[PDB]
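Below, chain A is the first sequence line, B the second, and so on; all start at residue 1. Keep in mind that the numbers below use all heavy atoms, side chains included, and drop hydrogens, waters and symmetry copies.
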Amino acid sequence: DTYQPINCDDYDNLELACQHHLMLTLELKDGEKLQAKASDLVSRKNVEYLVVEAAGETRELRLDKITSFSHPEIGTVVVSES
Amino acid sequence: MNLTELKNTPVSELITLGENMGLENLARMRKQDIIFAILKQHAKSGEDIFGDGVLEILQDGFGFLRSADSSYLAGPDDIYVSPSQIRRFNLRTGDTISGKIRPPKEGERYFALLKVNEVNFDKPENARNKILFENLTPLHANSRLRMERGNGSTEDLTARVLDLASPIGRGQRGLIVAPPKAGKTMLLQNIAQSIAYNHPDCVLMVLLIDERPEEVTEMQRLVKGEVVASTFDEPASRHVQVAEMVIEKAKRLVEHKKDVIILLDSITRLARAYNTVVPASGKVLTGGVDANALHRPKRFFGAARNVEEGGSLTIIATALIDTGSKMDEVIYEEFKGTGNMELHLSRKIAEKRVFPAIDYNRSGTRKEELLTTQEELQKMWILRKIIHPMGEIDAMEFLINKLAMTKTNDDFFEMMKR
Amino acid sequence: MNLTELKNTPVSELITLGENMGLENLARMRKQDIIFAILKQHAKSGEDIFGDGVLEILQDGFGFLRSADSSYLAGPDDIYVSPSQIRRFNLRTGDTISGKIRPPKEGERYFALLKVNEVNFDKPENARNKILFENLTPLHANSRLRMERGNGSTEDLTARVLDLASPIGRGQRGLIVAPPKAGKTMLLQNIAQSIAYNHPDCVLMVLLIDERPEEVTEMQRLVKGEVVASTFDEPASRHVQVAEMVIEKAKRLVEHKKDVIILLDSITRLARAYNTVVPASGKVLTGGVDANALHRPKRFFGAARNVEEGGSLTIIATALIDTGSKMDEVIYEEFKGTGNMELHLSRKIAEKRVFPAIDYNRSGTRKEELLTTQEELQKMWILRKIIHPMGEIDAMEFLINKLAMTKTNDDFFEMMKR
Ligand SMILES: Nc1ncnc2c1ncn2[C@@H]1O[C@H](COP(=O)(O)OP(=O)(O)O)[C@@H](O)[C@H]1O
């Protein structure tokens, strides 16, 4: 329900990925993957959102829901809720 | 462990703590180096390490979390904040950030911020919606800061004379004009004690600029608040940096509807520091003072105001006169009409070893009707009529004896009235 | 929306408007930035945007419409005017322009004026052919400014005393000589409210140079009209910039057959500002002043005149004496009698907490017969004779008590005879 901001180190990597406009391998705890490109990081009603598109979908999802992200360039960093 | 608790422990205890953790050769290095070494050793265990400080955004866009214990001095133990973090929460210089930190990665130098917990002693969500300081409407001071403790001690005489001479209110822009060897340092200590005792809610910050090293330690022991100083050993750029950090930190607290009091010593040394730092514009006034060098100190001194929305900023600076330097004289000439409160110390009274050395006739306040009540104002008017003809030396001797016989000012008034 | 209506909105309300428009992070930024962000968001819809301001001509032919709300401070909200627009009309500095504006395009940072609707509160073509201010034929003062309200309150007598001491009309220079702590600010406020009440038709402009921030807000909320001020935080170049904008705007209104009044406080600080900013030509005079630098303040003061064609320009400057400085006297010595009307205030009379502190003996206006009817001249002449023997201190006590039970000046003159 209530949103919890992610750690600062995780946010910097995501912004680095968005700035370079590189491919992002979004992962969740369920086990689903979305190899898509993230455009930019935005905030809405004190909750930041990440807009990531694969073929023009440009879906917007919460940052705290994202569990893991990997790429050959940046390290395979998992997020921590605590 | 907590980073701020490490900076408060004495160096001898830090070494014993470091040595039993496996560290060696910690005795011969600086305290900031010891703290940085200890933090890295504790980071091996993977435990959470907390920290806090005041943000200072550099030109390149990244900032550091300096600590008030080191007087905002750059050191190895400063916490690095990425420019994205300043973007994520809109942070300005002077924000007090507290939260978890992480050890440096490969290729890094400083500890980095990991998770912001509080900003300006408040949640990050609320701290981002505070209106900027420049958008607040200044007002005249109307809530009075009473210096009189009322315990009847001899140290309370200086505070009581201060109320009679020049009342101080929240949001005042004070100026204490003092020659050398006039007891200026002991005057500020009485004010700091009176503020910390009568008004515990107000945030008290003491700023010493170009001060002797032994005077800094004495002030820190006495003053019950935050004391930040820059000794004369440090370069002129250091003096500017401390002043910038203090005024920006004060502004952020005022935006949260808090009363902030700044005791500055001295505005003359601060103005001289800016004169060295700023590039020469080609227009130099008498005494070697650059024309636009005084723009920066007046920004510092002009920030004192009573905010209509809530909170206030009180600045009580001291100006140096009769120092034998023409640079001091011209600097003082540019601050004469700036302040709304004026207190004059005289060397002649100090030469007779009668304290405080306040020149009662030349000291006063503007719009004092707002600070004092109707009956209180009339009594001060009656008293000022008596003190007006007599000379300055006799004015204090007459006033000290009358105040000594009583305990409070109202008792002094009724005794004087009869 | 209308820019001028948007600019007068409180900052707290402006943030709420931006939130409803989808903007974020509008807090913790200056009011000008908030206005600029909101306008761009609204212009994204495509609706028409109305804006107005006072034209300022740069050295490169650039035109900007500054705002009186921000005291003509350069900012993002300023409207850019192309040189082609200036060439189309008879546009110079100080020409008020109202019209529709457009959002900036690529390579542009300021909104651009698109369709100018009103210039100087009249048709744009009419203002394209007008007689320049210098070409207007000067003439002495014929009309008189009535500074009487008739309410008989405790504040009305101050207007009467200055009216009796020296009458003031329209189109002649005026000077007020005031020492520190002499009720100078209260005198200006009393004059300013009297002028607005008695003469709603005339345009009242109050100019404050190097003033404390708390005094500006008090003046704005009290004076009904236009109040433009620059605090001591701003650099010297800002002080002269404000002065130039006010006088040029005053001239244009005069050209359109309007009688404008400028209240200056103070010419000494304005003159000091010019000395700092004007480059040195190698000529150094006593007191650290330059003769060529002093040529500009006197031009500002010397522009006051009564136009035979119509309207007038009235300037009532203020001069500071015995402030303890050195160049202050030199500034005063350059304006000993350059003004048609002169009024003096004394520290001694103000010391006894009795106001006003007007010195009747020192005050005096030249060619006073052109202002009031001949029958009243004898009434003032006999008043001077009955007040000349006693001292200036006792003169004020005599005036106040005798006028305490008197309603207007006419009753006082009749009661004086009997
Ligand atoms: N309020 C006071 N009561 C008693 N003595 C005082 C007081 N203020 C100053 N003095 C005396 O004045 C001397 C020098 O004052 P100091 O604090 O050095 O002034 P400054 O810092 O301006 O040089 C001290 O030795 C102290 O004994």
Side-chain angles (χ1 to χ4, degrees), chain B residues 144-169 172 174-199 202 204 206 208 215 218-219 221-225 227 261-266 314-321 339 341-365 368 371-372 376 379-380 383-384 387 390 392-413 415-416:
Chain B
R144 186 183 188 180
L145 296 170
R146 198 166 307 275
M147 310 274 88
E148 170 188 321
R149 309 182 61 177
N151 44 250
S153 59
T154 173
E155 296 185 357
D156 202 11
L157 263 58
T158 306
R160 285 207 293 168
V161 174
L162 200 56
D163 291 354
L164 273 315
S166 62
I168 297 177
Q172 205 74 36
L175 189 60
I176 300 178
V177 193
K181 299 282 190 170
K184 173 200 62 171
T185 304
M186 295 199 57
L187 178 66
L188 271 69
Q189 295 179 352
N190 294 327
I191 299 183
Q193 293 171 194
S194 300
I195 288 174
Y197 181 80
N198 289 337
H199 310 287
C202 300
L204 173 64
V206 176
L208 309 173
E215 301 283 349
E218 176 187 13
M219 207 67 173
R221 307 284 177 78
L222 271 65
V223 170
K224 199 63 59 191
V227 183
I261 308 177
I262 296 182
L263 300 179
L264 178 56
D265 193 344
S266 74
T314 309
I315 298 183
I316 304 179
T318 68
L320 308 181
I321 59 166
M341 171 269 194
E342 192 176 0
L343 187 79
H344 279 264
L345 303 185
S346 57
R347 193 171 189 174
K348 302 210 304 296
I349 296 181
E351 286 173 353
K352 292 193 54 58
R353 289 176 181 85
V354 39
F355 294 91
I358 297 172
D359 194 328
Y360 186 90
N361 295 324
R362 297 171 57 86
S363 63
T365 47
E368 58 181 351
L371 302 177
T372 63
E376 178 175 356
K379 300 177 179 182
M380 299 198 306
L383 171 63
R384 189 166 292 263
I387 317 293
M390 58 183 60
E392 54 181 47
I393 297 95
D394 306 320
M396 285 308 300
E397 300 183 354
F398 170 77
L399 190 48
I400 286 302
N401 302 331
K402 294 296 180 301
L403 288 181
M405 302 183 303
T406 61
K407 176 177 293 299
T408 60
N409 283 337
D410 52 359
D411 302 3
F412 159 74
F413 283 144
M415 187 273 302
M416 194 99 287

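Counting non-hydrogen atoms of other residues, nucleotides and ligands closer than 6.0 Å to CD of B:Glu215 gives a total above 12. Heavy-atom neighbours of B:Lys181 NZ from other residues, nucleotides or ligands within 6.0 Å: at or below the threshold of 12.
Evaluation of the side-chain hydrogen bond (donor to acceptor under 3.5 Å, both in side chains) rule for B:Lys348 yields B:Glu392 as partners, not counting sequence neighbours. Every side chain to side chain contact (heavy atoms under 4.5 Å, CB included) that B:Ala395 has, sequence neighbours left out, goes to B:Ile387, B:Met390.
We find the CG-OG1 distance between B:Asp265 and B:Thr185 to be 6.0 Å, quoted to the nearest 0.5 Å. Rounding to the nearest 0.5 angstrom, the gap separating the CG atom in B:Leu383 from the CZ atom in B:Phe413 is 6.0 Å. A distance of 13.0 Å separates CE of B:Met341 from CD1 of B:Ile315, quoted to the nearest 0.5 Å. Put simply, CD1 on B:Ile168 and CD1 on B:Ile316 are 3.5 Å apart, with the number rounded to the nearest 0.5 Å. Put simply, CD1 on B:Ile261 and CD1 on B:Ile195 are 4.0 Å apart, with the number rounded to the nearest 0.5 Å. One distance of note links OG of B:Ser363 with CG of B:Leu175; it measures 12.0 Å at 0.5 Å rounding.
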Name the atoms and distances for all side-chain donor-acceptor pairs under 3.5 Å in residues 145-153 of chain B, with sequence neighbours left out.
residue	atom	partner	partner atom	Å
B:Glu148	OE1	B:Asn409	N	3.4
B:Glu148	OE1	B:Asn409	ND2	3.0
B:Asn151	ND2	B:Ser153	OG	2.6

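A 4.5 Å side-chain heavy-atom check between B:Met380 and B:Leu164 finds at least one atom pair inside the cut-off. Here the side chains of B:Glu342 and B:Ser166 are not in contact, with every heavy-atom distance at 4.5 Å or above. Proximity of B:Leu264 to B:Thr318: side-chain heavy atoms (C-beta onward) are nowhere separated by under 4.5 Å. Residues B:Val161 and B:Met396 meet the side-chain proximity criterion, which asks for heavy atoms closer than 4.5 Å. Under the 4.5 Å side-chain criterion, counting only non-hydrogen atoms from C-beta, B:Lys184 is in contact with B:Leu188. B:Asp359 has its side chain out of reach of B:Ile349: every pair of non-hydrogen atoms, C-beta onward, lies at least 4.5 Å apart. B:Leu371 places a side-chain heavy atom less than 4.5 Å from the side chain of B:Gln172. With contacts defined as side-chain heavy-atom distances shorter than 4.5 Å, the pair B:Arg384/B:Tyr360 qualifies.
The two residues B:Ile358 and B:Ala165 have their closest heavy-atom pair at CG2-CB, 4.2 Å.
A donor-acceptor pair is defined here as one N or O able to donate and one able to accept, closer than 3.5 Å; no such pair exists between the side chain of B:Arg160 and the backbone of B:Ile400.
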Where do B:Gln189 and B:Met219 land on the side-chain contact (heavy atoms from CB on, under 4.5 Å) test, with the steps shown first? CA-CA 8 Å; B:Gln189 295 179 352; B:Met219 207 67 173; 3.7 Å; yes
